[PDB]
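The chain that follows stands alone, in the form deposited in one PDB entry, written as structure tokens.
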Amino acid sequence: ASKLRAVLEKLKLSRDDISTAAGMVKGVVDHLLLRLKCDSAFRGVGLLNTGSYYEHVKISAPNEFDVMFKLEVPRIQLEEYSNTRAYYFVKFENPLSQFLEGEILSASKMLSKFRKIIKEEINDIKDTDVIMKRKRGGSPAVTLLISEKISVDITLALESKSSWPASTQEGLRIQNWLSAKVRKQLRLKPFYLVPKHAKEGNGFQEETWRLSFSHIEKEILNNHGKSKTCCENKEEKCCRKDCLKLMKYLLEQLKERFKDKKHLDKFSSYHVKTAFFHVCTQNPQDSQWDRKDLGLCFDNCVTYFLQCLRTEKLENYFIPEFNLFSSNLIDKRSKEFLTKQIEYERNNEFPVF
């Protein structure tokens, strides 16, 4: 399976060029947090306990960073929006009162202050040239260009240390893979809520918030083996992380080839990551992920993704009644098209690589 390992080798030696870039990101991020912490409403702002400032959503694009700011909201009350099991109105004199539209927490008012505070603060930046970058349109993040080289998306999330919403009751089916002990410990961690956008497959603007468990995703990815010592020695170097990379890259490359067509606009690394986690769940033994079976394992990842497309069924991994592939969200023609692109790619030993 030399081609896949070739591709990987390329992706990795590229992940080193500007990690002086990450150094810049960290400095900007810290100035911003200190500025945001001056405002009474945002005093509890901070990074997620993930052991990192940033992540790379796009593995094609090392210079694009993703950052999350968390804001704890104690004693939070959620109202589930219309049977969509992932979107919620937030309800509860505290400083957050200024973001109330009536009874509910308004995302657009909070983001409004957030952008303005940030936008003024990079005008006085004086570390390196940092400019903002507007949206055409609609996104919840904030995007900065550092040194006309490095981009950072900043997402603001609400943190709740309450127990997880009922819609997750039957989620995170990792019992036969990681232990049920691990599941229990995982669900004791906080959960997060982010502004939906670009786009919601709705709207355009109700003030609902979407659940996020990207901190839980990260933790399983770094502790992903049946064996407590998976990937910690030369004898147990599995290919689970490599398959996710290849899948993310496969989607990205196809999204590039059809850049100015629109058929793949609604597909992202979240679908790939979600399918991947299902495959992990279905193939729980480390021996099913032996480094020497890189080709087979990837093929499984691909054929599992294809079945999801064909059957329009991709369950959110934490929220099982949320279908990322329902016709309500992605049109069938779009899935049919991605199916064909992907079948083509499998049949030809992956030319996009």
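Throughout, we count residues from 1 along the sequence that is shown. Rigid core here is just the name for the largest C-alpha set that superposes within 1.5 Å across the two forms.
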{"query": "Missing coords for residue 284 in a third or more of other PDB entries", "finding": "no"}
{"query": "Residue 147: gap in at least one third of other compared structures", "finding": "no"}
{"query": "Unmodelled deposited residues flanked by residue 92 on one side and residue 93 on the other", "finding": "4 to 9"}
{"query": "Entry-level comparison of average CA B-factors, 292 to 300 and 23 to 31, reporting the higher stretch", "finding": "23 to 31"}
{"query": "Given 130 to 138 and 189 to 197, the range whose Cα B-factors average higher in the PDB entry", "finding": "130 to 138"}
{"query": "Top residue by Cα temperature factor, when 232, 252, 153, 103 are compared in the entry", "finding": "103"}
{"query": "Selection from 217, 159, 256, 80 [criterion: highest C-alpha temperature factor in the record]", "finding": "256"}
{"query": "Third of the chain's Cα B-factor distribution that residue 280 belongs to, per the entry", "finding": "lowest"}
{"query": "CA B-factor ranking of residue 62, expressed as a third of its chain", "finding": "middle"}
{"query": "Ranked against its chain, the third holding the CA B-factor of residue 171", "finding": "middle"}
{"query": "Among modelled residues of the same chain, the CA temperature factor third for residue 324", "finding": "lowest"}
{"query": "Record-listed C-alpha B factor of residue 49: chain third", "finding": "highest"}
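Same protein, other form: the form deposited with a small molecule bound, not shown, and the subject of what follows.
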property: Stretch in contact, per heavy atom within 4.5 angstroms of the small molecule in the deposited complex, of 75 to 83, 95 to 103, 116 to 124, 209 to 217; result: 209 to 217
property: Position in contact with the small molecule when the complex is considered in the deposited complex, options 225, 190, 140, 165, heavy atoms within 4.5 Å; result: 140
property: In the deposited complex, residue 274 touching the small molecule (heavy atom, 4.5 Å); result: yes
property: Residue 196: touches the small molecule in the deposited complex, heavy atom cutoff 4.5 angstroms; result: yes
property: Residue contact check: residue 317 to the small molecule in the deposited complex, 4.5 Å heavy atom; result: yes
property: 4.5 angstroms heavy atom contact with the small molecule in the deposited complex for residue 58; result: yes
property: Answer among 198, 188, 221, 166 for the CA shift between the shown form and the other one that reaches 2 Å or more, rigid core superposed; result: 198
property: C-alpha of residue 69 moved at least 2 Å between the shown form and the other one on rigid core; result: no
property: Core-aligned C-alpha movement of residue 101 between the shown form and the other one reaching 2 Å; result: yes
property: Rigid-core frame, C-alpha of residue 176, shift of 2 angstroms or more between the shown form and the other one; result: no
property: Cα-Cα shift for residue 198 and residue 211, closer or farther in the deposited complex, minimum 3 Å; result: closer
property: Direction of Cα pair change residue 52-residue 294 in the deposited complex, magnitude 3 angstroms or more; result: closer
